[PDB]
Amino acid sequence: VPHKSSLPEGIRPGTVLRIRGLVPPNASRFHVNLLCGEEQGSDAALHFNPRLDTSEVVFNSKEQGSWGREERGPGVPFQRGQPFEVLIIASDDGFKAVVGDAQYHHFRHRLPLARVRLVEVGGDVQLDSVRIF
């Protein structure tokens, strides 16, 4: 079951999402979605998708059900069995992903930031906390 964090007032530049958890020892993939609503099929402003099986971290958007052009971070700074800390930071020009102690990727806004209303974490992941600062 996905972890669904409603944010009815939305997010703004300076919003920090702090995600702490652990990658299960048998994990293949997990994701963090910033979605525009609570309904099924809602558009995704950001889809942040570590893929342990294919050694990549995919970034994308989704509109009217269709995935956009994939972007990728460098390598895969996640390991089966190991804890992680991810920051997703909103700015006027996009999202910054931070993993561990380092800036990881910058994802330029594709959808208006003001549309985001929900953070969804799904897939093969153990979540300890998802915090909005």
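The first residue of the sequence shown is number 1, and the count goes up from there. For the two forms, the rigid core is made up of the largest set of C-alpha atoms that agree within 1.5 Å on superposition.
*Asks:* Following superposition on the rigid core, is the mean squared CA displacement, expressed as RMS, greater for 67-75 or for 27-35 in 6 other deposited structures of this protein?
*Replies:* The stretch that sits farther from the shown form in 6 other deposited structures of this protein is 67-75.
*Asks:* Please pick 107-115 or 8-16, whichever has its Cα atoms farther from the shown form in 6 other deposited structures of this protein after a rigid core fit.
*Replies:* Clearly, after the core fit, the stretch farther away in 6 other deposited structures of this protein is 8-16.
*Asks:* Highest mean C-alpha temperature factor of the two stretches 51-59 and 38-46, which is it?
*Replies:* Comparing 38-46 with 51-59, the higher average CA B-factor belongs to 38-46.
*Asks:* Take the C-alpha B-factors listed in the entry for 20-28 and for 121-129, compute each mean, and give the stretch with the larger one.
*Replies:* Between 121-129 and 20-28, it is 121-129 that shows the higher mean C-alpha B-factor.
*Asks:* Classify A97 as lowest, middle or highest third according to the C-alpha B-factor given in the PDB entry, relative to its own chain.
*Replies:* Its C-alpha B-factor belongs to the middle third of this chain's values.
*Asks:* Ranking every modelled residue in this chain by its Cα temperature factor as given in the entry, which third contains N33?
*Replies:* Answer is lowest: the recorded C-alpha B-factor places it there.
*Asks:* Lowest, middle or highest third: which one holds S66 when the chain's residues are ordered by CA B-factor from the entry?
*Replies:* Within its chain, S66 is a lowest-third residue by C-alpha B-factor, going by the deposited values.
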